[PDB]
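Going down the list, the protein sequences come from chains A and B.
If you're matching positions, the first sequence starts at 3 in the working numbering and goes up one per residue.
If you're matching positions, the second sequence starts at 135 in the working numbering and goes up one per residue.
A virtual CB, placed ideally from N, CA and C, is assigned to each residue, including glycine.
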Amino acid sequence: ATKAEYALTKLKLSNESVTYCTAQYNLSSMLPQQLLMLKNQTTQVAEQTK
Amino acid sequence: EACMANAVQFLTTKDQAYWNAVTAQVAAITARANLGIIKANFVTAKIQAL
């Protein structure tokens, strides 16, 4: 049982590694793109106000 | 008087010595059984380090 649990902990490193890469991709690509989306929406609100 | 004095001493301790030996024999068998558990725990300690 301890040996089986050791393998589970050892294999768990893969999920943590891909999670870090997934989070890194979101910060580098998704977040800046969403900022551009919000800016365009902000301008549209002013035009609708006009 | 010498025979009478030794008779009381021998009779009182006649059975005590026998049962002390019996207890030691049982403990030796039990200790041998526990020896196998120690070997199993030795592998467990190695696994736990990993």
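Within chain A, the residues placing a beta-carbon under 7 Å from that of B/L184 are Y8, ordered along the chain. When rounded, the separation of the alpha-carbon atoms in B/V156 and B/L169 is 20 Å.
In the displayed model, B/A139 falls within a helix according to three-state DSSP. At least 9 Å separates the beta-carbon of B/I171 from that of A/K5. No Cβ of chain B is located within less than 9 Å of the beta carbon of A/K14. Between B/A141 and B/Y152, the alpha-carbon positions lie close to 17 Å from each other. Residues of the segment 145 to 156 of chain B with a Cβ closer than 8 Å to any Cβ of chain A: none. In the three-state scheme derived from DSSP, where H, G and I count as helix and E and B as strand, B/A174 is classed as helix. Contacts between B/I171 and chain A, judged by CB atoms closer than 9 Å, are missing: the closest CB pair is about 15 Å apart.
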